[PDB]
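Input: a single structure, listed below in structure tokens.
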Amino acid sequence: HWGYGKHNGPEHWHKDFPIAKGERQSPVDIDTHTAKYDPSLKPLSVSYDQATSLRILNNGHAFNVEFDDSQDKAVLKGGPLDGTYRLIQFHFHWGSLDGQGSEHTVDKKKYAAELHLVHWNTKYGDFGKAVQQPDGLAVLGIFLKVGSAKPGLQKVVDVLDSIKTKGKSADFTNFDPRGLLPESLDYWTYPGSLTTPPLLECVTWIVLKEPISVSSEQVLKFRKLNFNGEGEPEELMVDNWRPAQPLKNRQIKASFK
Ligand SMILES: CC(=O)Nc1nnc(S(N)(=O)=O)s1
Ligand SMILES: [Zn+2]
């Protein structure tokens, strides 16, 4: 029954998921003045040319755009990754205001939203087996700031009215996640976890440097989603982000000087 309210939010997750106080928990604050530049980092490889979007779903915490991950259609190689990682779904973490909403923070700066493209390591068979492995997931973190309208997002924004409440799902085929990427693929990387329960410490996090801009009219329709199910009292789906967690014995490496 976890969520982001006052009585089931990120401050109560450790009572049902004691790994919330673990070692490699996410998100964290990316301190650009302590993030070491790693010249041995390879360029990222985003092969989304055969990505197959299937469905968009309101799961009571966010909205997920699921992809056909039965084959290596949309993968993520290069960077710090050893092997292939299939894009399975992406989602967003936003807030009620433009000064908050992102999960990762850059020098304590909060962005309006944060895009998470989730990939699972193919050598583990399926997603359920990869989440139990330290190098099982690779999530690509892309910040969203309020500004010009992002054209690659309008197809996502226009469909939100059909998935307003929890449990609603809608067809969402032929979507191209390449439009959601910024111009540059410079990134930070650090070993992390899921930012939602069960908070499994299985994620190699890749947070891109360059944010993307979205018009306030776009991010406003993110805030018109409902946490509740249909017929229940309306609770706006806002501030569905986890605050930053202690970095502890972890080093964030950057692909750019
Ligand atoms: C379906 C799936 O991949 N589960 C996720 N749970 N938390 C995720 S996140 N915020 O760390 O990207 S993805
Ligand atoms: Zn996420």
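In this chain, residues are counted from 1 in sequence order. When a ligand or atom number is given, it counts from 1 through the structure's own listing order.
- For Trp120, the heavy-atom gap to ligand 1 stays at 4.0 angstrom or more.
- Looking only at N/O/S atoms, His116 comes nearest to the Zn ion (ligand 2) through ND1.
- Looking at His116, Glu103, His61, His91 and measuring to atom 13 (S) of ligand 1, the nearest heavy atom belongs to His91.
- Atoms of ligand 1 lying under 4.0 Å from at least one heavy atom of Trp205, given by number and element, are 11 (O).
- When non-hydrogen atoms are compared, ligand 1 lies under 4.0 Å from neither the backbone nor the side chain of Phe90.
- Listed by number with element, the atoms of ligand 1 under 4.0 Å from a non-hydrogen atom of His93 are 10 (N).
- Near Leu194, meaning under 4.0 Å from any of its heavy atoms, are these atoms of ligand 1: 6 (N), 7 (N), 8 (C), 11 (O).
- Near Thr195, meaning under 4.0 Å from one of its heavy atoms, ligand 1 places the atoms 9 (S), 10 (N), 11 (O).
- Remark: aromatic rings of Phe67 and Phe175 are distant, center separation not under 6.0 Å.
- Protein heavy atom at the shortest distance from atom 6 (N) of ligand 1 is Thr196 OG1, 3.1 Å.
- You'll find the ring centres of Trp241 and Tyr111 outside the 6.0 Å limit.
- Ionic pairing of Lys77 and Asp72 is not present here: no N-O contact between side-chain nitrogen and carboxylate oxygen is shorter than 4.0 angstrom.
- Within the 6.0 Å centre-distance limit, the rings of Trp13 and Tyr4 are counted as a close aromatic pair.
- For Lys109, the NZ atom is densely surrounded, since the number of other residues' heavy atoms within 6.0 Å is greater than 12.
- The pair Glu103-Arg242 does not meet the salt-bridge criterion, since no charged nitrogen lies less than 4.0 angstrom from a carboxylate oxygen.
- The nearest protein atom to atom 2 (C) of ligand 1, hydrogens excluded, is given as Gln89 NE2, 3.2 Å; this is a heavy-atom distance.
- In this structure, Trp188 has its ring center at least 6.0 angstrom away from the ring center of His104.
- Residue contact check: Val139 has heavy atoms under 4.0 Å from atoms 12 (O) of ligand 1.
- Atom numbering of ligand 1 starts at 1 in the shown order; those under 4.0 Å from a heavy atom of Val118 are 3 (O), 12 (O), 13 (S).
- A donor-acceptor pair shorter than 3.5 Å can be found between the side chains of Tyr124 and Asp135.
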